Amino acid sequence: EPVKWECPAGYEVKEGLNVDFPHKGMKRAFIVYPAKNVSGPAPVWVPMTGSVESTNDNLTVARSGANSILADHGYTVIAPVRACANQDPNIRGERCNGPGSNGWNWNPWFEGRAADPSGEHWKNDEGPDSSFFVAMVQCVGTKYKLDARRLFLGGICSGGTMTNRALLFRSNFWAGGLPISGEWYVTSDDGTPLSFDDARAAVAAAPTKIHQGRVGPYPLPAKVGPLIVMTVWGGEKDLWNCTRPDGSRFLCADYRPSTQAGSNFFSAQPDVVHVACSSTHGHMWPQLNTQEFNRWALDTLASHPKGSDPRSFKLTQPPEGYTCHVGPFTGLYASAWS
């Protein structure tokens, strides 16, 4: 499935904020920072915020990743605004941080089917964000020279869940991605949705198995296109507490099983290099040596352009504060042989 450069008719792409981009009946927005110090096609980074941080926060605030700085690193950054933010890159959690509607699990991104029957249709339809991102990058590529073998997306929290969904449904487009503390929404093998507690126990009970999940197609694809996927877990405190209508908080997500599950699926894929990375910063954009991490992670992904031989990949040491290796996570659950 070749990358085609094309824009909705008459759409004029610009550096900076782009609004009213038409896609599937919606009007979308995204921000473009062209790569610096690059001649020729540039690798692409599509960073996605989570539930509460704004797209501007994800792009410019250090503690949120300051993702626009990757343009100073030689990547053309194309950052989508969440549909729930109504094209405003400054919206944080307002009308975004909460349960989804129309069969979607969570409102920040169309990143997983809901647990009730209204989500049935999303079992095999990527949804409007996954397709928007493809249209977005194909359009930007008509104005800026983009490297079709190095289109990467990634994000934190719900943006990490969205990265997982996009990789599973558009593995013949993206070259890879960086799902940081994203959900997998583990289900039974028959697709039955599981509660947070039952999903957490299913992985603890079979930590090396491939688990189905609401984040992706049901069943998950037998084979995906060539990719490099770097999954990041934030350690013991990488957990998320939801907020009830009354303001009370309760545990609703644990990223240990979801990063494990994703790593098991991607590691098993023959044309996928999976890098499992662990840190101790919790559930937020990597905090230790943040920019060093961003540079190391994107350059690692770029070292495996789409269609490269997994056997040729050579991992380099990550920044202090991170431990990474090729394959599934191993330090999250006890090994069987133990």
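Sequential numbering from 1, following the sequence displayed.
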(message) Tell me which stretch has the larger mean Cα B-factor in this entry, 177-185 or 248-256.
(response) 248-256
(request) Decide which of the stretches 294-302 and 34-42 has the higher mean C-alpha B-factor, going by the entry. (result) 34-42
(message) By the CA temperature factor listed in this entry, which of these ranks top: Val140, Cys84, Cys242, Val77?
(response) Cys242
(request) Have a look at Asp129, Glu94, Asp116, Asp88 and flag the one whose Cα has the highest B-factor in the entry. (result) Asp116
(request) For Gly282, return the chain-relative third of its C-alpha B-factor as stated in the PDB record: lowest, middle or highest. (result) highest
(request) Would you check the entry's CA temperature factor for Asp271 and let me know if it's in the chain's lowest, middle or highest third? (result) middle
(message) Taking only the Cα B-factors deposited for this chain, tell me whether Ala29 sits in the lowest, middle or highest third.
(response) lowest
(request) Among all modelled residues of this chain, ranked by Cα B factor, put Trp109 in the bottom, middle or top third, i.e. lowest, middle or highest. (result) lowest
(message) Ranking the modelled residues of this chain by C-alpha B-factor as given in the entry, is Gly225 in the lowest, middle or highest third?
(response) middle
